[PDB]
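Starting off, we have a lone chain in the form deposited in one PDB entry, written out as structure tokens.
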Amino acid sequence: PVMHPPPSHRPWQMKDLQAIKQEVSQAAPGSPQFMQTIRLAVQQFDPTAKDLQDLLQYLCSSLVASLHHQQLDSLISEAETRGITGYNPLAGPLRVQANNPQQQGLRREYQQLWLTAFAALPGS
């Protein structure tokens, strides 16, 4: 999470992760209940690309996480071809820039692509 007590990253807290997992204990990845829960968790904790990586591993199986990671990679290259806000194309990979706590605007764009990447899942 990118804390806001100068943007500062702080690792996931197990008590926060446990609250998220139990809210989606009966929700397949991509389902409406799933998306609603992770959308609020993204809003609350303002996670970096690395944090979102960790959150996906914690909540979904390898097959699902593997597929989401792939879908997002395509979403990123599509978005880059399609135009992104706050994206300095000379500042390195989008995933690396989304780990810079300063680039909040970019990070928020990355979060939406990460959330959208779940669309490739049946949701059931």
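For clarity, a rigid core is taken as the largest C-alpha set superposing within 1.5 Å between two forms. The numbering used is simple: start at 1 and walk along the sequence shown.
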| query | finding |
| --- | --- |
| Unresolved deposited residues in the interval that joins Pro5 and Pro6 | 1 to 3 |
| Per the entry, higher mean C-alpha B factor between 94 to 102 and 41 to 49 | 94 to 102 |
| Stretch with the higher entry mean CA B-factor, where the candidates are 80 to 88 and 67 to 75 | 80 to 88 |
| B-factor third for the C-alpha atom of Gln112 within its chain | lowest |
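This next part talks about the form deposited in another entry, which is not shown.
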query: Listed options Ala79, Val64, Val42, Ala27; Cα moving by 2 angstroms or more between this form and the one not shown (core superposition); finding: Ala27
query: Sense of CA distance change between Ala79 and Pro29 in the other entry, threshold 3 Å; finding: farther
query: Direction of the Cα shift between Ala41 and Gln26 in the other entry, where the change is 3 Å or more; finding: closer
